[PDB]
Every structure is written in C-alpha cells, then in structure tokens.
C-alpha cells in the first residue's frame, strides 16, 4: 500500500561527489574515473552582472583549483569545457565509480536529485521534469553541481547537473553533455519560468494508484473520448495524450478505463467540495506510470 514520491538509494552516487573550489566560488562536482565534472560558473566572478566565460577560461590557472573527496585532495591535470560544464582531468581514478551512462531527461520524466553542499550529499529526493524544462527542486546557495540521475539496476543514468534558480524559485540544470535544459543561460541574471501544463499522462497514473488504494470519491460516473479531452486540455493548462496504452495493466486491474479518468480529471480541476486524494494537490503530475506500477507491484515498467 501507499504512494510516496521517493528516491532510489543514493549510496552509489554519494561516493562520486566532490567539492570544487576556484577563486571566490565553491560548488559540487561529479568524480567519475579520473575526470571531474562541475558547472563552469565555478570559474566566474561573483560580482559582475555578466560572465564572460571566454575571458575566464583564457586566463585560467590550474593551481587556483581546490578539489577534494572527503579529506583527500585531487591534483588538477587540466581542464576542458563543454556547454555549461567543465571537465577537469585529475591525477586519480575514483575506485567507487559505478557503471554509468548519460541521458537527457524528457518532460514528464522522473529522476532523483542528490542535493549536495561543500562536496557532500545532504538530502535526496525524487522530481519530475516539467513541460517548461524546469523542476520543482529544493536547493539553497552552494547547491550547484548537485547531480540528478536514475539507477537502472545496474547502471547509474546521469541526466542533470544543477545550474540555476529561476525567479519563481523553480530550477534548471544542464545534462552532462553541458546542454542547458530549456535553453536557459548559465548567467547570474534572474531568468524567468515559461508557461507549464500538468502532465496529463502522469495525472492518470496518479489516479490509478488512488483507486488501487481505495481513493474513489472523485471517480466520475461519466466518460470522455481521448481527443475530445485533448481539445479541452490544450486550453485548460494540461498536456495532450500520446501514450495510449501504458495504462493497459492499470485499466484492467481496476476495471476503470482511461476515458473515465479523463472525465474525473475535468471534474476535479473545477475544484470542490471534498478534500484529500491520498494527499496530494488532489491533482499531481509528479508520478509516472512506471513509478506507480512499481510502488504498487514492484516491477520493471
């Protein structure tokens, strides 16, 4: 029973976390093999309304870098830059490097955040990439470099390195190829979050978990076809539906089709009335179909 936004265990990722310092900057890096990865703004000036990374790199001294894993200092061999990241060759292999890949997360997808400060993990929590390519994180100053990832068995799948905070307080990172998510800039300017929509396919996922837990009071007696819901969605701040059938298992075990849930969704936005749905905004899109199926039955999506 139960449904929790959870993280997967952080042990394997905690071992790769390092403290990178340069000039007036300190943040967190990822140490994999003999390369250390961190946000390039570690080499910026903290006082300019603007960062000239080209300048900053041109005039860089390797002996101004302070990088550590625990109390052990790693020696800087040299630096390369890619997108919003530095890739720092160091003189030591991290023996604790797990098997890993890189992936860029798509909107509506979940992953873990390991929130780091001074090169060590402080908290771990699950998030979901929003349609405006931000996440609703929890971060205070010094968090830059905090990694996001999923663990697929197996392999650590890195998807996020924490870069900045928008004016609304939601946050943005880059993938590990250095591409900023949503096209934002790694500049100290206060940038702005664009319009987002509840990710409908995840709302559906959430409803099924709720039925399965005996949350029923919201359940509509009526039903509504998929595209006719879609035309309502695009002008009601909710995303359209494409994955027809990742709900087959759920629909079958509840005997509640998708159209019925779509009807319930439409009813639920116009608000109430009653209260709880396990919790949970009543209408959250933080849970993917994969997640829900897993906490319901413990199975590879």
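Residue numbers count along the first chain shown, from 1.
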Higher-scoring stretch by recorded Cα B factor average, 226-234 or 179-187:
226-234
Mean C-alpha B factor from the entry: is it higher for 243-251 or for 257-265?
243-251
Highest recorded Cα temperature factor - choice among 132, 94, 104, 71
71
Among 35, 276, 64, 28, where is the Cα temperature factor highest, going by the PDB entry?
276
Sorting by Cα B-factor within the chain, modelled residues only, which third would residue 214 end up in: lowest, middle or highest?
highest
Looking at the C-alpha B-factor of residue 16, is it in the lowest, middle or highest third of its chain?
lowest
Among modelled residues of the same chain, the CA temperature factor third for residue 281
highest
Determine, from the deposited record, the chain-internal third of the Cα B-factor for residue 80: lowest, middle or highest.
middle
Ordered by C-alpha B-factor within the chain, which third holds residue 1? Give me lowest, middle or highest, please.
middle
